[PDB]
Amino acid sequence: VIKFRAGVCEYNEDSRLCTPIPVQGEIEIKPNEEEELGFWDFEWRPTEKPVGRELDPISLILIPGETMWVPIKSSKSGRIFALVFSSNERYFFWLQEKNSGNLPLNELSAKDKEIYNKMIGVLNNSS
Amino acid sequence: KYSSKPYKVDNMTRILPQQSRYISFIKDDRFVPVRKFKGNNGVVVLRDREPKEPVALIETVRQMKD
């Protein structure tokens with residue numbers, strides 16, 4: 001699929017959060033378990049121990065056509081990868097590694113140029 | 001024997017099933033007796049009445065996936 005560094009941790013229905021929660025890992029955008037549906041499954045898997053807690057709600061489904069990317073507007077110190085759709089189906093994206101520094105006015109974050117270029121693009125595609 | 005004094009090692013080691021029964025769980029931590037030691041020593045069990053408190057903490061490999 002399209003793999004990116006990015007950890008699990010709470011979605012945060014409202015209220016800019018991103019508790020640490022273990023769930024250390026890697027993020028993959030795929031277009032489902034069927035691998036053709038316009039809904040996009042957010043596949044996690046641990047690569048960094050996860051505190052023995054899973055923190056995956058037996059797949060998290062991606063509602064289609066309404067994905068805004070908030071990369072760090074609503075900054076609150078370093079990266080929490082935030083999914084705006086109607087600012088209430090909000091999905092929260094945790095940070096385990098801390099590579100490529102904090103670099104200013106790309107995300108406003110702590111893990112910038114790579115994950116943003118991969119992230120936007122994966123969002124736009126229907127396949 | 002038994003005499004009720006401090007002893008050199010009383011957690012883990014080699015020990016003996018027979019000797020384990022002379023080493024019995026103290027009420028003087030967060031770990032509480034309810035059996036005066038079980039009498040068995042193949043699965044342990046002292047009853048913890050004061051969860052997530054001082055009285056050691058050294059995760060095993062079972063707590064890296066559970």
# chains A, B, ... in the order shown; residues from 1 in each chain; ligands from 1
>>> interface_residues(of="chain B", to="chain A", cutoff="7 Å", atoms="only C-alpha atoms", output="ChimeraX atom specification")
/B:63-66
>>> residues_around(residues="residue 53 (chain B)", least_positions_apart="4", cutoff="12 Å", atoms="only C-alpha atoms", output="compact mmCIF listing (two decimals) with C-alpha atoms, in the first residue's frame")
# COMPACT_ATOMS: atom_id res chain seq x y z
CA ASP B 29 3.37 -4.50 51.37
CA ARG B 30 0.64 -4.05 48.78
CA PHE B 31 0.32 -7.77 48.60
CA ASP B 48 -3.17 -7.75 45.44
CA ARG B 49 -5.52 -5.41 47.32
CA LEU B 57 7.27 -3.44 38.94
>>> select_by_dssp(residues="chain B", states="helix (DSSP H, G or I)", output="JSON, numbers by chain")
{"B": [17, 18, 19, 20, 61, 62, 63, 64]}
>>> closest_residue(among="A:95, A:37, A:9, A:2", to="residue 126 (chain A)", atoms="only C-alpha atoms")
A:37
>>> residues_around(residues="residue 111 (chain A)", least_positions_apart="3", cutoff="10 Å", atoms="only C-alpha atoms", output="JSON, numbers by chain")
{"A": [5, 6, 78, 79, 80, 81, 95, 97, 98, 99, 100, 101, 102, 103, 106, 107, 108, 114, 115, 116]}
>>> write_last_selection(atoms="N, CA, C and O atoms", output="JSON list (two decimals), in the first residue's frame")
[["chain", "number", "residue", "atom", "x", "y", "z"],
["A", 5, "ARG", "N", 5.26, 6.72, 8.39],
["A", 5, "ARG", "CA", 5.46, 6.73, 9.83],
["A", 5, "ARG", "C", 4.41, 7.60, 10.52],
["A", 5, "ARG", "O", 4.04, 8.66, 10.04],
["A", 6, "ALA", "N", 3.91, 7.13, 11.67],
["A", 6, "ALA", "CA", 2.69, 7.62, 12.25],
["A", 6, "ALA", "C", 2.26, 6.53, 13.21],
["A", 6, "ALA", "O", 2.36, 5.36, 12.88],
["A", 78, "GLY", "N", 4.44, 19.66, 18.87],
["A", 78, "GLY", "CA", 4.70, 18.64, 17.85],
["A", 78, "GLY", "C", 3.59, 17.73, 17.37],
["A", 78, "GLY", "O", 2.64, 17.45, 18.10],
["A", 79, "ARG", "N", 3.73, 17.25, 16.11],
["A", 79, "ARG", "CA", 2.78, 16.49, 15.31],
["A", 79, "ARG", "C", 1.69, 15.70, 15.99],
["A", 79, "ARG", "O", 1.96, 14.73, 16.69],
["A", 80, "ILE", "N", 0.43, 16.03, 15.71],
["A", 80, "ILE", "CA", -0.66, 15.10, 15.90],
["A", 80, "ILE", "C", -1.46, 15.20, 14.61],
["A", 80, "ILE", "O", -2.09, 16.21, 14.32],
["A", 81, "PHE", "N", -1.37, 14.14, 13.77],
["A", 81, "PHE", "CA", -1.92, 14.08, 12.42],
["A", 81, "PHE", "C", -3.44, 14.14, 12.40],
["A", 81, "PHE", "O", -4.06, 13.16, 12.78],
["A", 95, "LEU", "N", 2.44, 10.47, 17.56],
["A", 95, "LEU", "CA", 3.83, 10.57, 17.15],
["A", 95, "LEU", "C", 4.77, 9.78, 18.05],
["A", 95, "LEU", "O", 5.03, 10.11, 19.21],
["A", 97, "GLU", "N", 8.19, 8.23, 16.64],
["A", 97, "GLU", "CA", 9.47, 8.78, 16.22],
["A", 97, "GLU", "C", 9.41, 10.30, 16.01],
["A", 97, "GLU", "O", 8.38, 10.95, 16.23],
["A", 98, "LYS", "N", 10.55, 10.93, 15.70],
["A", 98, "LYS", "CA", 10.76, 12.36, 15.91],
["A", 98, "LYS", "C", 11.95, 12.77, 15.00],
["A", 98, "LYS", "O", 12.87, 13.42, 15.53],
["A", 99, "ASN", "N", 11.91, 12.39, 13.67],
["A", 99, "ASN", "CA", 12.96, 12.43, 12.73],
["A", 99, "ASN", "C", 12.58, 13.49, 11.71],
["A", 99, "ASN", "O", 11.45, 13.47, 11.28],
["A", 100, "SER", "N", 13.59, 14.25, 11.27],
["A", 100, "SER", "CA", 13.57, 15.29, 10.27],
["A", 100, "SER", "C", 13.15, 16.56, 10.98],
["A", 100, "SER", "O", 12.67, 17.47, 10.27],
["A", 101, "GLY", "N", 13.36, 16.58, 12.33],
["A", 101, "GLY", "CA", 13.27, 17.81, 13.10],
["A", 101, "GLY", "C", 11.98, 18.37, 13.06],
["A", 101, "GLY", "O", 11.05, 17.76, 12.56],
["A", 102, "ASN", "N", 11.82, 19.55, 13.66],
["A", 102, "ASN", "CA", 10.65, 20.37, 13.48],
["A", 102, "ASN", "C", 11.07, 21.35, 12.41],
["A", 102, "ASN", "O", 12.10, 21.99, 12.57],
["A", 103, "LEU", "N", 10.31, 21.50, 11.30],
["A", 103, "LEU", "CA", 10.72, 22.48, 10.29],
["A", 103, "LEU", "C", 9.51, 23.33, 10.01],
["A", 103, "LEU", "O", 8.37, 22.85, 9.94],
["A", 106, "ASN", "N", 5.63, 24.04, 7.11],
["A", 106, "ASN", "CA", 5.32, 22.94, 6.29],
["A", 106, "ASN", "C", 4.15, 22.35, 7.01],
["A", 106, "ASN", "O", 3.02, 22.40, 6.47],
["A", 107, "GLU", "N", 4.29, 21.76, 8.21],
["A", 107, "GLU", "CA", 3.10, 21.34, 8.95],
["A", 107, "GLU", "C", 2.88, 22.16, 10.21],
["A", 107, "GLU", "O", 1.75, 22.44, 10.61],
["A", 108, "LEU", "N", 3.96, 22.61, 10.88],
["A", 108, "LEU", "CA", 3.88, 23.30, 12.16],
["A", 108, "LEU", "C", 3.85, 22.28, 13.29],
["A", 108, "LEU", "O", 2.91, 22.21, 14.08],
["A", 114, "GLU", "N", 8.24, 14.44, 4.52],
["A", 114, "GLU", "CA", 7.88, 13.12, 4.04],
["A", 114, "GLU", "C", 6.45, 12.67, 4.22],
["A", 114, "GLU", "O", 5.76, 12.33, 3.30],
["A", 115, "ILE", "N", 5.96, 12.75, 5.47],
["A", 115, "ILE", "CA", 4.66, 12.24, 5.84],
["A", 115, "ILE", "C", 3.54, 13.08, 5.26],
["A", 115, "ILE", "O", 2.54, 12.53, 4.80],
["A", 116, "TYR", "N", 3.71, 14.42, 5.21],
["A", 116, "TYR", "CA", 2.83, 15.33, 4.49],
["A", 116, "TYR", "C", 2.74, 15.06, 2.98],
["A", 116, "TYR", "O", 1.65, 14.99, 2.42]]
>>> atom_distance(atom1="CA of residue 62 (chain A)", atom2="CA of residue 113 (chain A)")
23.0 Å
>>> atom_distance(atom1="CA of residue 32 (chain B)", atom2="CA of residue 5 (chain B)")
19.1 Å
>>> residues_around(residues="residue 15 (chain A)", least_positions_apart="3", cutoff="12 Å", atoms="only C-alpha atoms", output="short mmCIF file (atom, residue, chain, number, x, y, z; two decimals) with C-alpha atoms, in the first residue's frame")
data_model
loop_
_atom_site.label_atom_id
_atom_site.label_comp_id
_atom_site.auth_asym_id
_atom_site.auth_seq_id
_atom_site.Cartn_x
_atom_site.Cartn_y
_atom_site.Cartn_z
CA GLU A 10 -7.06 8.36 20.45
CA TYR A 11 -9.27 10.03 17.89
CA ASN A 12 -10.48 12.75 20.08
CA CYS A 18 -3.49 12.96 21.42
CA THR A 19 -2.72 11.12 24.66
CA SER A 74 -4.31 24.10 15.67
CA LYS A 76 -0.17 22.49 20.25
CA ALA A 82 -5.48 15.46 12.37
CA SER A 87 -14.68 18.69 12.83
CA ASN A 88 -16.45 15.90 14.75
CA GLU A 89 -15.57 12.73 12.85
CA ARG A 90 -12.11 13.88 13.95
CA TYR A 91 -9.39 11.32 13.87
CA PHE A 92 -6.20 11.81 15.89
#
>>> select_by_dssp(residues="chain A", states="strand (DSSP E or B)", output="list in words")
residues 2, 3, 4, 5, 7, 26, 27, 28, 29, 42, 43, 44, 45, 60, 68, 69, 70, 82, 83, 84, 91 and 94 of chain A
>>> atom_distance(atom1="CA of residue 70 (chain A)", atom2="CA of residue 85 (chain A)")
9.9 Å
>>> residues_around(residues="residue 38 (chain B)", least_positions_apart="4", cutoff="12 Å", atoms="only C-alpha atoms", output="ChimeraX atom specification")
/B:17,20-25,33-34,42-47
>>> closest_residue(among="A:127, A:117, A:47, A:77", to="residue 35 (chain A)", atoms="only C-alpha atoms")
A:127
